[PDB]
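Asker: take these chains first, placed just as they are in the complex:
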Amino acid sequence: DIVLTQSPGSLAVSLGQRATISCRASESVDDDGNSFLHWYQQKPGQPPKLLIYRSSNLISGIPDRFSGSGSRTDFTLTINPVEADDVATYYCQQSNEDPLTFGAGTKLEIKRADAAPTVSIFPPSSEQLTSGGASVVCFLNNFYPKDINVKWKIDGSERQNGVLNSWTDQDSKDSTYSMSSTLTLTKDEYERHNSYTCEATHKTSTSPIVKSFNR
């Protein structure tokens, strides 16, 4: 099983710099001469767009700035200049020996200024509570870099059960992320607690951003 070890896992780059992603095979992917390592670009919601096949062959229509290099174990894709478009995930696949294996992915994201999350917290609508459930939702918005961690405390304890997180992809306009976290309780737990807290921890702040309320 030719494991592939793609790296870096993430690449932050700006419009213009050369991007270089590397894929690394366990063993040779060449039948000596042909190198069966192919590179795929996948934007969110797209099917895999094959870019370059058998090491260095640009598909008919891939903008030439995509170069493919390598041989036997070590291989490289070099996007250069990185354009707005090229933000997507890049995969590499060997097909020299079944089973066919794929590299784990490298997501290339456009770099921008650090921005810290606008956090907003929302108690349950009346409607839900009439229906017998309580969801408390916290939206952490418009922030760069992607790395954030949210923690819910109900009357000062860390509740980490019943929590659903969801992230958007990098925004085309300001190149920021956002995520949403929803804590779901029955109506009954909800009513025997007073303060709900949504606490976020992002590179921009020393120590946490917290939003909270009392019923």
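Answerer: Received it, and whenever you're ready, just let me know what you need. Residues are numbered from 1 along each chain as shown, chains lettered A, B, ... in the order given.
Asker: just the buried positions in stretch A:67-83, please.
Answerer: Within stretch A:67-83, the residues that count as buried by 16 or more other Cβ atoms under 10 Å are A:68, A:70, A:73, A:75, A:76, A:77, A:79, A:80, A:82. From N, CA and C alone the C-beta is placed, and that goes for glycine too.
Asker: from these, which is closest to residue A:134?
Answerer: residue A:82 (45.4 Å; Cβ to Cβ).
Asker: centre of the chain versus stretch A:95-104, how much separation?
Answerer: 23 Å (Cα atoms, centre = their mean, to the nearest Å).
Asker: for stretch A:57-68, that is, sorry about that
Answerer: 25 Å.
Asker: next one: stretch A:142-149
Answerer: The answer for stretch A:142-149 is 11 Å, by Cα atoms, centre = their mean.
Asker: out of the buried residues of stretch A:67-83, which sit inside strands?
Answerer: A:68, A:70, A:75, A:76, A:77, A:79 (DSSP state E).
Asker: re the thing from before, and which of the buried residues of stretch A:67-83 is nearest to residue A:163?
Answerer: residue A:82 (35.2 Å).
Asker: dihedrals phi and psi, that closest one?
Answerer: The phi and psi torsions at residue A:82 (degrees, to the nearest 10) take the values phi -60, psi 130.
Asker: same question, the one 4 residues further on
Answerer: Main-chain torsions, residue A:86, degrees, to the nearest 10: phi -60, psi -10.
Asker: what sits against it?
Answerer: A:19, A:41, A:79, A:108 (Cβ atoms under 8 Å, 6 or more residues apart in numbering).
Asker: where does the second one land in three-state SS?
Answerer: Going by DSSP: H, G, I helix; E, B strand; the rest coil, the secondary structure assigned to residue A:41 is strand.
Asker: thought residue A:100 was touching residue A:91?
Answerer: No: with contacts counted by Cβ atoms under 8 Å, residue A:100 stays clear of residue A:91, the gap being 11.8 Å.
Asker: neighbour count winner among these two?
Answerer: residue A:91 (23 against 13; other Cβ atoms under 10 Å).
Asker: secondary structure element holding that one?
Answerer: In the assignment (DSSP states H and E), residue A:91 maps to strand A:88-94.
Asker: list the helices and strands the helix or strand that that strand is followed by packs on?
Answerer: On the C-terminal side of strand A:88-94, the nearest following helix or strand under DSSP H and E is strand A:101-102. Counting by 3 or more Cβ pairs under 8 Å, 6 or more residues apart in numbering; DSSP states H and E, the packing neighbours recorded for strand A:101-102 are strand A:88-94.
Asker: hmm, try it at 10 Å
Answerer: strand A:4-7, strand A:88-94 (3 or more Cβ pairs under 10 Å, 6 or more residues apart in numbering; DSSP states H and E).
Asker: and chain B on top of that:
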Amino acid sequence: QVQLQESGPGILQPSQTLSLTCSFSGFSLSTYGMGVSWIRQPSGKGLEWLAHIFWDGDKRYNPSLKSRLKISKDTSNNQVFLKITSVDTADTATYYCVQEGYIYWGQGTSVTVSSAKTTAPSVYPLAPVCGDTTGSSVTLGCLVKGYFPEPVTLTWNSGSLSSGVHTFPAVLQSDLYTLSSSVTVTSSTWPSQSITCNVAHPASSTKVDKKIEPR
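Answerer: Chain B, in position alongside the others:
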């Protein structure tokens, strides 16, 4: 000019058999060296190779999966077939039909294995609790929860509110999906202007419009 079209069921209950089909035009499976692969990409994870049938009838399978797979060709109809028995939830993925295992990728076809039935969603307003702040921008939200199957269509003010909106991807919590959207406008805008969450769940033929009203 190599058209590859995968056709399959949509939703299928656990433990059934998944029968997929691939229709190719543009090559022939009798070309020396030819063969067609099925690769699947489970929700959000990366690509997984399933099988490959060769020009010469030699079939190769994924080790892990072997026990459940059966590829087939029918060259007079230009169809490669795949069958997976005893589907379980992990098989929700998008299945792709691929020439030579990498060079021409079909479109994909999503199969979804669930035991849930069509459940129309609950749409709940998410209003703030108050203190005019954050650039004196307010963030308002919409929670759409517990529906099956995907998708729903959330717009704000019938597609007129478009900057500030962040619809987050749906996640599964107990065989049913939950989604939320946040819209951030300035203090001049709400509640002076009405803002409405419009959810449409085509599969149960439901359209719901909730107006976000101060709490």
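Asker: same question on what packs on strand A:101-102, but with chain B included?
Answerer: On a contact count with 3 or more Cβ pairs under 10 Å, 6 or more residues apart in numbering or on different chains; DSSP states H and E, strand A:101-102 meets strand A:4-7, strand A:88-94, strand B:48-54.
Asker: tell me the contacts of residue B:214?
Answerer: Shown in contact with residue B:214 (Cβ atoms under 10 Å, 6 or more residues apart in numbering or on different chains): B:127, B:128, B:129, B:130, B:138, B:140, B:190, B:191.
Asker: would you mind measuring from residue B:208 to residue B:113?
Answerer: Distance, residue B:208 to residue B:113, using Cβ to Cβ, to the nearest Å: 28 Å.
Asker: do the same with residue B:148
Answerer: From residue B:148 to residue B:113 the distance is 12 Å (Cβ to Cβ).
Asker: near chain A, anything from stretch B:127-142?
Answerer: Yes: applying Cβ under 10 Å from any Cβ of the partner chain, one finds that stretch B:127-142 is in contact with chain A at B:127, B:128, B:129, B:130, B:134, B:135, B:137, B:138, B:139, B:140, B:141, B:142.
Asker: what's the domain layout of the chain?
Answerer: With no chain named, the answer covers chain A. A:1-112, A:113-215 (curated CATH domains).
Asker: not what I meant, chain B
Answerer: B:1-115, B:116-214.
Asker: now the end-to-end length of the shortest one.
Answerer: Distances were taken as Cα to Cα, to the nearest Å; on that basis the terminal residues of domain B:116-214 are 35 Å apart.
Asker: ditto for stretch A:42-61
Answerer: 15 Å.
Asker: buried residues in that stretch?
Answerer: A:42, A:48, A:50, A:51, A:52, A:53, A:54, A:55, A:56, A:58 (16 or more other Cβ atoms under 10 Å in any protein chain shown).
Asker: for stretch A:2-9, same thing?
Answerer: A:2, A:4, A:6.
Asker: want to throw those residues into TSV with distance to chain B?
Answerer: Formatted as TSV, the buried residues of stretch A:2-9 follow (distance: Cβ to the nearest Cβ, whole Å):
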residue	distance to chain B
A:2	12
A:4	10
A:6	10
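Asker: returning to what we had before: filter the residues of stretch B:127-142 next to chain A to the buried ones?
Answerer: Buried, going by 16+ other Cβ under 10 Å: B:127, B:128, B:134, B:137, B:138, B:139, B:140, B:141, B:142, out of those.
Asker: pick out whichever of those sits closest to chain A.
Answerer: Set against chain A, the nearest of those by Cβ to the nearest Cβ is residue B:139 (4.1 Å).
Asker: what touches both of residue B:148 and residue B:113?
Answerer: Shared contacts of residue B:148 and residue B:113, counting by Cβ under 10 Å, 6+ apart, come down to residue B:11.
Asker: that older thread, is any part of the strand holding residue A:91 close to chain B?
Answerer: Yes: using Cβ under 10 Å from any Cβ, strand A:88-94 reaches chain B at A:89, A:91, A:93, A:94.
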